[PDB]
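Chemist: Protein chains in written order, with the entry's author numbering: chain c, 67 to 194; chain D, 254 to 505; chain d, 65 to 157; chain F, 1 to 486, 497 to 564, 569 to 576, 601 to 715; chain e, 51 to 200. The beta-carbon is built from N, C-alpha and C at its ideal position, and this holds for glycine as well. I have a structure here, written as structure tokens, and I will follow up with some questions on it.
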Amino acid sequence: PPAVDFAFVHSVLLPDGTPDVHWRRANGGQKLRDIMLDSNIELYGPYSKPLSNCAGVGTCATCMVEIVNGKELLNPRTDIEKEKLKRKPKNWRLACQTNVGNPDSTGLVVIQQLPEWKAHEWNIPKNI
Amino acid sequence: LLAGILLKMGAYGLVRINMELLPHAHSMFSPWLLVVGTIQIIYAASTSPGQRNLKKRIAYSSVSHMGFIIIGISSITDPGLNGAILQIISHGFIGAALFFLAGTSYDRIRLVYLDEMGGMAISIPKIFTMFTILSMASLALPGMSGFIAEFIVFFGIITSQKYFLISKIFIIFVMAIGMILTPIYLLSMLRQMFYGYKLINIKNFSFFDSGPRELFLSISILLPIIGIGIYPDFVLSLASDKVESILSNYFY
Amino acid sequence: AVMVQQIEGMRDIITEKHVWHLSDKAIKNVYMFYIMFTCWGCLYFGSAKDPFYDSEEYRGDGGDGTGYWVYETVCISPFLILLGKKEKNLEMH
Amino acid sequence: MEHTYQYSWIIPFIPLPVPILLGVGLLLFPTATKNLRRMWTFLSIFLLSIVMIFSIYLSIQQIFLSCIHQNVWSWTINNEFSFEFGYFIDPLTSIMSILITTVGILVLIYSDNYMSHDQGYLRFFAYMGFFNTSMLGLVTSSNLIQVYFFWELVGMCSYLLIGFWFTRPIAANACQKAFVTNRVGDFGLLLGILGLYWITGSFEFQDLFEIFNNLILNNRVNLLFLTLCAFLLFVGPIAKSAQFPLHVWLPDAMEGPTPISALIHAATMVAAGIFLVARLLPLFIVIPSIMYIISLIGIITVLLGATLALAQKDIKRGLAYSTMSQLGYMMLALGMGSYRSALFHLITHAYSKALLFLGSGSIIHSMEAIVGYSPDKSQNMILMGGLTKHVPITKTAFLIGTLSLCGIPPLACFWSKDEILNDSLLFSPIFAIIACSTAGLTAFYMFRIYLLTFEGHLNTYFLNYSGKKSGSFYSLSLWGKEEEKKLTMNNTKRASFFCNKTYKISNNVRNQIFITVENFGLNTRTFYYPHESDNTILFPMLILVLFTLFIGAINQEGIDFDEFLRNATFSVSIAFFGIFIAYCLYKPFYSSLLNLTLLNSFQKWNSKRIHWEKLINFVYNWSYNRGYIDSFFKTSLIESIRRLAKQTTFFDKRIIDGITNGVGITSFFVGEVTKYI
Amino acid sequence: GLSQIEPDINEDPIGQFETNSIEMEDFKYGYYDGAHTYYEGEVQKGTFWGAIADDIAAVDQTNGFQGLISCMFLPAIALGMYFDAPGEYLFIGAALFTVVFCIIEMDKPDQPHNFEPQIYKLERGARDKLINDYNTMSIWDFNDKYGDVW
Ligand code: FES
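See below:
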């Protein structure tokens, strides 16, 4: 079946000092929030309580996720991600406004959840 | 003095050679001078947010505050004309000190428009506080002479024998929109020119504050405003009797 | 001064009504004292070290005390550098 | 009574010494008076304590003898003016005087340390002393002239206090809005008090109460004009008490300090909008349609105050919307004619929500040590998390305050709301069941505010989220000498170096080699925990706890001064229901007193999150767009005025200065033409 | 200010109405606004009289006599009432004070900030109007750069 390969590196490093990769399988592209919630990975963080976030529409800047190796199969920034966050390293997208594509999709997007409250910088190779 | 005392001849003149020399014609023309002044307050309070300039804002502010004098003159009442004379003196002090502070702010900052000239409160705090107090006096704020002026003129309207309630309601409404629009432009000026932080102005400028001379200027023009806001009869008591000698020519 | 006033709704009122006034002469006297204070300040603070309009910030660049000295200066110093540039081109750059 | 009321003219002007000495000190000798940094503080507190003592004695003499003293003087005597500036010491004045003086003293004591790390700190107390003077003159006010005087002076002090941190532009927008909103209210107040001088010719309260009892039986006065004048007279209170139209100034007034968030509201100034209506009730019950207007405004802004605070991520904004709801409860109680229950609700609210605001400031200054100074962090209620372990006194203070707002009966203040609903439910069907629903919502969001801050894990040093705390803790590895000399610069560990290969897919490895360089440990390793605030921040909170516990038992003295258990258990049922909806969500599983067998079925019944993915979505959209009313006003009221200003300065500069300049252009042109022809 | 070169035009005319302040994204709270500065410990003494007289001495061109009369003038007019009621004596004395102050303000120092802007070239100490009565130095024509170094 068409399976998109997520990674979902956690922000907190393990006690070993190495990151943890979880490799969620969830099929197709509808919404990265609904994928991370259906497949049960920590998206919000302390905003995971019910009314502590806008729950999908994009009015808060809470479900922001740093995505690297993700220039391949995404929707572009929908001017809510371009406005609700304005000064970020540009690898950070809101999971409920972004979309990883259509059902017939395969890819290796790696999406560091909770970029706020992190210790690492990811050293993305310079574009162009 | 162009706004302090030169603007008041013409307001005082409408009292001398129009109000007590041509009374039966002023009784014909004051109904329209009233509409003119009521439109003038709103017009000159709505043009002032239109001005990027700092000093033209206060010039239109003077055009706006002269509307209450036009209204008190066209109010055939003792309260109306006493409020007109009191507003002559009050706006004399206010506009004088405001133009003084705007000129010193231009000399310190060397910027004119409010789009530029962001936060300069930490740079010139003495100018900031004196400009704020005198904007409050321009605001018809109680404790300042502007309030009692821009209230006695209202009281001369609502206690007018010339006009009727169908007109008094409209006139008071359009007059008191002026005191919503006057906060808008005065505090827009204050938040544009003083409230903020400019990252390129951190320490390398370190402008000079208000020297003791300029501080004395502003304080010396403030103290009559405060003294007339707390006790208006420093200005009413020297005119009110004469005002009756005006209005005795009007009622019969 | 003391008056008891009956009102149906709430309570009784014990109004006092100290009708007073500063008086015609005292008003003249406070005008007098404030004008004398204005004299004192106009002379003394006029004889104070005005720190802004003394230094090379104001008096250095231009500093005549006008409001057009900035604009005529930044309209003249272009002309002065243009004249010095013509003088430099007069002697082979 | 004989001579103590002759000296009733000082309770306004006793604080005014220290702002007068500060406005001539900080403006002329700022270094010298800022050298006396802490002495002006104690002077202000001592003068406010003098006024507290005098107001307490006046309240004692009010409850002893049933009389009202109106020691009026003469301001100006020229023509019809005959102005006075007297002091209408009635039961309501005495309430307002104690309510101003006590909370002002405690907030001054609070600001002694809240603002001790402030650079401009004495001007704050200049503003506060002038604010207390202005409000004490507002409530001690015989005529609408002095009321109006001190109304606009309160607006001034609100502007200055909200824009106290003038450097930050958000406070600039806040203070400009606050004063503009207060003046949209004061517009109404002015052309209402002038309408009353038309209908009555009074400028006094002694005459108005004796005229309006029989005025409406005459013929010249139009009843439409009377209700119009009364609505405009109420528009002032709409702005000061943050009612539905002019409510936008309050949730944006949090950009100033927290002490002013305790004194501007839950205190003197929003109490002024309730004071004016309570003072003009003798001429609002007579006018037919204004009372329904006041009830409707209150009942609209109890749910606009309630549906707003459900999802405010900030602590101070949530408390401000809660204040906006309780002031609507008071305006509703005045809309019911209940002259006494509104004021008791005001007293208990102003001693409870002020306590909550002082607790919020103590929470905040405990949180600055964690997240530094950032209102998007140091006030963000979500990452406040868990503070019961660290700050217990502030926990007890905030808990007592929030339980006083929810209407807890034994150890809190339920009886105010009990009288509210007892006098409300047998009046109208519209303004009763929705008031109870908003009371349940009040319980919910206030306990959410309590739980997200205090009960739970810290949510900022939490080791499931905060990687910095993890990197600071594990200073050594779990292997000692093995697997590395230490590792920083861990690469893309997609295979984990486990000899794993991929099946038929798009790609496994590529030219993407990204070194996930981690941070270090054993550096700035302290990361101190939030310790309790100083003792002079606790002492105001303790006194306010003593108040709101002492106020909860106030043979009654509602008549001297100015379905019982079934309604009680019903109101407690809806309040406990809101409490329970907050508890089952925000109380964590390891500390909740509920059974795990039920808490798991809660999420099992709501694991879909599709019907909640619209309800929670709409509630958060409501709370974040601020009911869309701020957007509507900043699109159609201030942007409308800005379009109108550009239009009018166009008309001035182009086509009425165009004529004045065209005279000269035409003179030049005809001169050059008749020179060359 | 000076702007010897022509300044750069800003391509972003930020707005007719909103202020020129930095956004909250870049605003370091506490340190900028002074809400968390002023840690007591770097403060100084001078309790309200060692800093008032310091400020009076900071801004003053008054000598022993001019200045003493300035300190004793307003107390004299303040005791013009509440001790007596002279009348015209107060105004005659105030005019005498003003005129003697103005005669004194023909100061022996001339303080070159008093002079025209065109005077500020260099070496203006050699110019001495302070002692030289009837200066007779045609430099105020202000149309040509004469060498006044003699
Ligand atoms: S949840 Fe509010 S932005 Fe995605």
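How would you list, in chain order, the residues of chain F whose beta-carbon sits under 7 angstroms from the beta-carbon of residue 39 of chain d?
Modeler: Lying before the first or after the last residue shown, residue 39 of chain d is absent from chain d, which here runs from 65 to 157.
Chemist: Residues in the region 467-499 of chain D with C-beta within 9 angstroms of chain d's C-beta atoms, listed in sequence order?
Modeler: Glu467, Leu468, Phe469, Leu470, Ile472, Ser473, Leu476, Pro477, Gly480, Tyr484, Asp486, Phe487, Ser490 and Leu491
Chemist: Using a beta-carbon distance cut-off of less than 7 angstroms, what residues from the region 109-140 of chain e approach chain d?
Modeler: So the close ones are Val109, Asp110, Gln111, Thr112, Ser120, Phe123, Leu124, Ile127 and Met131.
Chemist: How many Å lie between F:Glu152 and F:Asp186 at the Cα?
Modeler: Residue numbering aside, residue 152 of chain F sits at position 152 when the fourth sequence is read from its first letter. Residue numbering aside, residue 186 of chain F sits at position 186 when the fourth sequence is read from its first letter. Using only the alpha carbons, I get a separation of about 7 angstroms.
Chemist: As a quick exercise: from c:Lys150, c:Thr128, c:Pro67 and c:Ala185, pick the residue whose alpha carbon is nearest that of c:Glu108.
Modeler: Locating residue 108 of chain c in the first sequence gives position 42, counting from the first residue. Residue c:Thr128 is the option with its Cα nearest to c:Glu108.
Chemist: Quick check: is the beta carbon of residue 582 of chain F nearer than 8 angstroms to any beta carbon in chain D?
Modeler: Residue numbering in chain F jumps from 576 to 601; residue 582 of chain F, which lies between, is not modelled.
Chemist: According to DSSP, which residues form a beta bridge with c:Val134?
Modeler: On the first sequence, position 68 is the one that residue 134 of chain c refers to. DSSP output for c:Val134 lists c:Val176 as bridge partner(s).
Chemist: Determine whether the Cβ of F:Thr402 lies closer than 8 angstroms to any Cβ atom of chain D.
Modeler: Walking along the fourth sequence from the start, residue 402 of chain F turns up at place 402. For F:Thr402, not one C-beta of chain D is nearer than 8 angstroms to its own C-beta.
Chemist: Does the beta-carbon distance from D:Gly409 to D:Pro332 come in below 8 angstroms?
Modeler: By 1-based counting over the second sequence, the position of residue 409 of chain D is 156. By 1-based counting over the second sequence, the position of residue 332 of chain D is 79. Contact: yes.
Chemist: Does any CB atom of chain d fall closer than 8 angstroms to the CB of D:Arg361?
Modeler: Position 108 of the second sequence, counting from 1, holds the residue named residue 361 of chain D. Yes, D:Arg361 lies at the interface with chain d (some Cβ there is under 8 angstroms from its Cβ).
Chemist: Examine ligand 1 and report whether any of its heavy atoms sits within less than 7 angstroms of the Cβ of c:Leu180.
Modeler: The count along the first sequence starts at 1 and reaches residue 180 of chain c at position 114. Incorrect: c:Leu180 has no Cβ contact closer than 7 angstroms to ligand 1.
Chemist: Between the alpha carbons of F:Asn529 and e:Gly65, how many angstroms are there, rounded?
Modeler: Stepping through the fourth sequence from its first residue, residue 529 of chain F is reached at position 519. Stepping through the fifth sequence from its first residue, residue 65 of chain e is reached at position 15. One C-alpha to the other measures close to 42 angstroms.
Chemist: Could you tell me how far apart the beta carbons of F:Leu144 and F:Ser97 are, in whole angstroms, since I believe they sit closer than 8 angstroms?
Modeler: If you number the fourth sequence from 1, residue 144 of chain F lands on position 144. If you number the fourth sequence from 1, residue 97 of chain F lands on position 97. Between F:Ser97 and F:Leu144 the Cβ distance is about 19 angstroms, and since that is not below 8 angstroms, they are no contact.
Chemist: Thinking C-alpha only, which one of F:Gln522, F:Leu138, F:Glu482 and F:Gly129 is nearest F:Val270?
Modeler: Position 270 of the fourth sequence, counting from 1, holds the residue named residue 270 of chain F. Per the Cα distances, F:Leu138.
Chemist: Count Cβ pairs between the region 700-714 of chain F and the region 308-321 of chain D that sit closer than 8 angstroms; are there 3 or more?
Modeler: no
Chemist: Out of e:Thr87, e:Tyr89, e:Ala101 and e:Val93, which one is the CA nearest neighbour of F:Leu28?
Modeler: Reading the fourth sequence from its first residue, position 28 is the one you call residue 28 of chain F. Minimum Cα distance to F:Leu28 is reached at e:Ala101.
Chemist: Near residue 578 of chain F, which residues of its chain fall below 8 angstroms by C-beta distance, leaving aside the five closest residues on each side in sequence?
Modeler: This structure gives no coordinates for residue 578 of chain F. The numbering of chain F moves from 576 immediately to 601.
Chemist: Going along chain F in order, which residues have a C-beta closer than 9 angstroms to the C-beta of c:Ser105?
Modeler: Working through the first sequence from its first residue, we reach residue 105 of chain c at position 39. Chain order gives no chain F residues near c:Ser105, where near means a beta carbon separation below 9 angstroms; the closest approach is about 13 angstroms.
Chemist: Anything in the region 99-114 of chain F with a Cβ closer than 8 angstroms to a Cβ of chain D? List those residues in chain order, please.
Modeler: none
Chemist: Step through the CB atoms of chain D and report whether any lies within less than 8 angstroms of the CB of F:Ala172.
Modeler: Residue numbering aside, residue 172 of chain F sits at position 172 when the fourth sequence is read from its first letter. Chain D contact via Cβ: present.
Chemist: Against chain d, with Cβ distances strictly below 8 angstroms, would e:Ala144 count as a contact?
Modeler: On the fifth sequence, residue 144 of chain e is found 94 positions in, with the first residue counted as 1. e:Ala144 counts as touching chain d.
Chemist: Only counting the same chain, and skipping five residues up and downstream in sequence, which positions put a Cβ closer than 7 angstroms to that of D:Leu392?
Modeler: Residue 392 of chain D sits at position 139 when you count from the first residue of the second sequence. Counting only Cβ-Cβ distances below 7 angstroms, and skipping sequence neighbours, we find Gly399, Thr435, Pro436 and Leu439.
Chemist: In the region 109-136 of chain d, which residues sit with their C-beta less than 9 angstroms from some C-beta in chain e, listed in chain order?
Modeler: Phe109, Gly110, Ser111, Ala112, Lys113, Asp114, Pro115, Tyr117, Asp118, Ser119, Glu120, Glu121, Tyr122, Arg123, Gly124, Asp125, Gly126, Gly127, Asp128, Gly129, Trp133 and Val134
Chemist: Would you mind working out which of F:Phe125, F:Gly104, F:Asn71 and F:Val51 sits nearest F:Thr33, comparing C-alpha positions?
Modeler: Mapped onto the fourth sequence, residue 33 of chain F falls at position 33. Ranking F:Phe125, F:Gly104, F:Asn71 and F:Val51 by Cα distance to F:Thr33 puts F:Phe125 first.
Chemist: Whole angstroms is fine: what's the gap from F:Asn214's alpha carbon to F:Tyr351's?
Modeler: Reading the fourth sequence from its first residue, position 214 is the one you call residue 214 of chain F. Reading the fourth sequence from its first residue, position 351 is the one you call residue 351 of chain F. So the two alpha carbons sit approximately 38 angstroms from each other.
Chemist: Hey, F:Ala439 and F:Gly407: beta-carbon distance below 8 angstroms or not?
Modeler: As a first step, residue 439 of chain F must be located in the fourth sequence, where it is residue number 439. As a first step, residue 407 of chain F must be located in the fourth sequence, where it is residue number 407. Contact: yes.
Chemist: Using a Cβ cut-off of 8 angstroms, which residues of the region 271-297 of chain F contact any Cβ in chain d, in chain order?
Modeler: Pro282
Chemist: Of the residues F:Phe275, F:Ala172 and F:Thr167, which one's Cα is nearest the Cα of F:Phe150?
Modeler: Taking the first residue of the fourth sequence as 1, we reach residue 150 of chain F at position 150. Of the listed residues, the one whose Cα sits closest to F:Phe150 is F:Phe275.
Chemist: How many Å lie between D:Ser376 and D:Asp462 at the Cα?
Modeler: Here residue 376 of chain D corresponds to residue number 123 of the second sequence, with the count starting at 1. Here residue 462 of chain D corresponds to residue number 209 of the second sequence, with the count starting at 1. Taking the straight line joining both Cα atoms gives about 7 angstroms.
Chemist: Between the region 410-426 of chain D and the region 284-294 of chain D, do three or more beta carbon pairs fall short of 8 angstroms?
Modeler: yes
Chemist: Whether or not the region 610-626 of chain F and the region 355-370 of chain F are in contact is what I'm after, with contact meaning three or more pairs of Cβ atoms, one per stretch, closer than 8 angstroms; do they touch?
Modeler: no
Chemist: Could you list which residues in chain d have their beta carbon closer than 7 angstroms to that of e:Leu52, in chain order?
Modeler: For this step, residue 52 of chain e is matched to residue 2 along the fifth sequence. The answer, in chain order, is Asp125.
Chemist: For the region 81-100 of chain c, which residues have a beta carbon sitting closer than 8 angstroms to at least one beta carbon of chain F?
Modeler: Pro81, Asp82, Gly83, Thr84, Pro85 and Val87
Chemist: Please list, in chain order, all residues of the same chain as F:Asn71 whose beta carbon is under 7 angstroms from its beta carbon, the five residues on each side excluded.
Modeler: Within the fourth sequence, numbered from 1, the residue matching residue 71 of chain F stands at position 71. Counting only Cβ-Cβ distances below 7 angstroms, and skipping sequence neighbours, we find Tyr5, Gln6, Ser8, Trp9, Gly86 and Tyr87.
Chemist: Label e:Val93 either buried or exposed according to how many other C-beta atoms from any shown protein chain fall within 10 Å of its C-beta, with 16 as the threshold for buried.
Modeler: Counted from its first residue, the fifth sequence places residue 93 of chain e at position 43. With fewer than 16 Cβ atoms within 10 Å of its Cβ, e:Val93 is classed as exposed.
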